[PDB]
Amino acid sequence: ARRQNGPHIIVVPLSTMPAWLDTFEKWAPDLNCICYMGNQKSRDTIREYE
DNA sequence: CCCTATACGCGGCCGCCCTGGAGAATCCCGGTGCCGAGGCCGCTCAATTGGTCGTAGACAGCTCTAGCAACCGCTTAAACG
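Numbered according to our numbering, the first sequence terminates at residue 62, and the numbering increases by one at each position without gaps.
1. Check whether the Cβ atoms of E60 and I46 lie closer than 7 Å to each other.
2. Can you give the Cα-Cα distance for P41 and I21, rounded to whole angstroms?
3. Thinking C-beta only, is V24 closer than 7 Å to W32?
4. Can you tell me which of the three DSSP states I58 falls into?
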């Protein structure tokens with residue numbers, strides 16, 4: 013609505029984080045929501061691929 | 001019937017076996033001298049006693065920060081089989 017489609021940061025606890033992931037998958041499927049966990053190589057993969 | 005050689009016992013001298021009194025070596029006792037140790041005395045200086053005074057530290061009070069017991073949760077690298 014307000015065309016504020018820039019980078020947004022959401023910091024959540026790890027235990028409730030799939031309950032955020034399916035909410036982003038269902039209620040806002042058009043958004044480019046990405047998820048940030050893993051070891052050094054997975055975070056590097058997210059960093060230089062996405 | 002008397003002399004003369006002849007075999008036989010043995011007085012005296014020499015050598016060998018058994019026992020006794022005098023002297024010498026040894027152990028014990030008494031008197032005396034020397035070394036280790038204990039007691040006493042003289043000097044003598046440092047510990048003791050008494051008093052005074054300053055202050056070191058105990059005590060109380062207030063403020064701020066580290067530690068501690070017991071729990072959580074995530075990561076991940078180290079320990080273990």
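Think of the CB as a built atom: it goes at the ideal place given N, C-alpha and C, for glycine as much as any other residue.
Let's see:
1. no
2. 17 Å
3. yes
4. helix
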